[PDB]
Amino acid sequence: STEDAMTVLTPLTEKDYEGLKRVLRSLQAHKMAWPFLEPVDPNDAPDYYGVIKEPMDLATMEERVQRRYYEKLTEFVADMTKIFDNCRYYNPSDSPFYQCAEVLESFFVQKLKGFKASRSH
Ligand SMILES: Cn1cnc(Nc2ccc(CCN)cc2)c(Cl)c1=O
């Protein structure tokens with residue numbers, strides 16, 4: 001679709017980055033975002049960094065958004081998707097972390113669809 005190819009192909013502008021920061025800020029303020037605000041503490045999960053290849057967290061993405069790290073929206077979505085995929089990979093489905101990744105990813109998808117619609121019209 002128009003938004004699909006534009007997500008893959010259209011380079012991010014300074015205007016887009018205003019939308020990326022807003023989406024991220026709305027995630028950081030969500031009540032179920034508490035496990036993803038900062039990197040996982042390895043004292044809380046000893047084997048986490050031995051099994052998770054590419055860890056990710058909202059503070060790392062905030063730094064990358066600040067430094068204009070992302071060139072395409074797909075790269076931004078890929079980093080965010082890693083946060084939730086890493087969580088559901090390491091934790092059981094009845095874990096509070098797992099449940100948070102399910103709620104927050106749905107919330108992110110709602111906000112991402114709003115951002116994609118604002119770039120095209
Ligand atoms: C297994 N596992 C553990 N903790 C997670 N988040 C998280 C990050 C930081 C803090 C407090 C910071 N000292 C608490 C929880 C995730 Cl996401 C996870 O999967």
# chains A, B, ... in the order shown; residues from 1 in each chain; ligands from 1
>>> closest_atom_pairs(of="chain A", to="ligand 1", cutoff="6 Å", atoms="only C-alpha atoms and all ligand atoms", output="JSON lines")
{"residue": "A:35", "atom": "CA", "partner": "ligand 1", "partner_atom_place_in_ligand_line": "6 (N)", "distance": 3.6}
{"residue": "A:36", "atom": "CA", "partner": "ligand 1", "partner_atom_place_in_ligand_line": "17 (Cl)", "distance": 5.3}
{"residue": "A:38", "atom": "CA", "partner": "ligand 1", "partner_atom_place_in_ligand_line": "9 (C)", "distance": 5.4}
{"residue": "A:39", "atom": "CA", "partner": "ligand 1", "partner_atom_place_in_ligand_line": "8 (C)", "distance": 5.5}
{"residue": "A:40", "atom": "CA", "partner": "ligand 1", "partner_atom_place_in_ligand_line": "8 (C)", "distance": 4.0}
{"residue": "A:41", "atom": "CA", "partner": "ligand 1", "partner_atom_place_in_ligand_line": "13 (N)", "distance": 5.3}
{"residue": "A:44", "atom": "CA", "partner": "ligand 1", "partner_atom_place_in_ligand_line": "3 (C)", "distance": 5.9}
{"residue": "A:45", "atom": "CA", "partner": "ligand 1", "partner_atom_place_in_ligand_line": "1 (C)", "distance": 5.5}
{"residue": "A:87", "atom": "CA", "partner": "ligand 1", "partner_atom_place_in_ligand_line": "19 (O)", "distance": 4.6}
{"residue": "A:97", "atom": "CA", "partner": "ligand 1", "partner_atom_place_in_ligand_line": "19 (O)", "distance": 5.6}
>>> residues_around(residues="segment 111-116 of chain A", least_positions_apart="4", cutoff="8 Å", atoms="only C-alpha atoms", output="mmCIF file with C-alpha atoms, in the first residue's frame")
data_model
loop_
_atom_site.group_PDB
_atom_site.id
_atom_site.type_symbol
_atom_site.label_atom_id
_atom_site.label_comp_id
_atom_site.auth_asym_id
_atom_site.auth_seq_id
_atom_site.Cartn_x
_atom_site.Cartn_y
_atom_site.Cartn_z
ATOM 1 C CA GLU A 3 1.934 3.595 3.686
ATOM 2 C CA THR A 7 7.445 3.046 5.467
ATOM 3 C CA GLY A 19 6.400 12.427 15.231
ATOM 4 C CA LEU A 20 8.879 9.741 16.274
ATOM 5 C CA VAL A 23 5.233 8.312 19.763
ATOM 6 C CA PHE A 107 -0.473 0.540 22.098
ATOM 7 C CA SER A 120 0.963 10.687 3.901
#
>>> atom_distance(atom1="atom CA of residue 13 of chain A", atom2="atom CA of residue 30 of chain A")
26.1 Å
>>> closest_residue(among="A:69, A:37, A:50, A:121", to="residue 24 of chain A", atoms="only C-alpha atoms")
A:37
>>> closest_residue(among="A:6, A:102, A:118, A:53", to="residue 18 of chain A", atoms="only C-alpha atoms")
A:118
>>> closest_residue(among="A:100, A:32, A:73, A:109", to="residue 88 of chain A", atoms="only C-alpha atoms")
A:100
>>> closest_residue(among="A:74, A:4, A:79, A:91", to="residue 47 of chain A", atoms="only C-alpha atoms")
A:91
>>> select_by_dssp(residues="segment 14-116 of chain A", states="helix (DSSP H, G or I)", output="VMD selection string")
chain A and resid 14 to 28 31 to 36 48 to 51 58 to 66 73 to 90 96 to 116
